[PDB]
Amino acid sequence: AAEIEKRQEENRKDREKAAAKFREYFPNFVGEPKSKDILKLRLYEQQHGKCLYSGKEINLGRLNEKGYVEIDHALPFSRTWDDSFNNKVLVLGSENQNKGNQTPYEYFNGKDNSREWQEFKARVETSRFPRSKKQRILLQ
């Protein structure tokens, strides 16, 4: 029987895990958190508490603050049609606005093997993302 079932089931079997951690880190949260709040925390943890593009520290206490951090695509949907979780990163709003509709390779001048590109690659490679996601974010 039909990757979708495994996706839907394993994706089921990843949200209780992330919901359980959200309760741990926000035990005074008011109401029920939504999926975006849950996923922000998951990406926070995989990124070692840092904004992927800038390397700046994300204040966990401000994780759910309006305008502070956003989930966005690393590779623009307009150019890839990639709406997958492997294409989603947690970034400071201001840094994401600077990147705009560029890929990371473009934004960081990877074509010239710049120091900023090397630094970004090192942050991606030292994250807890799976290999498929590290590969996706760094696509040239």
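Residue numbers here begin at 1 and follow the sequence given.
The mean Cα B-factor in the deposited entry runs higher for 8-16 than for the other of 8-16 and 121-129. 23-31 and 36-44 differ in mean CA B-factor, and the higher of the two is recorded for 23-31. In this entry, the residue among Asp112, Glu70, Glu57, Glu106 with the greatest C-alpha B factor is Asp112. Placement of the Cα temperature factor of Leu139 within the chain: middle third of the modelled residues, per the deposited record.
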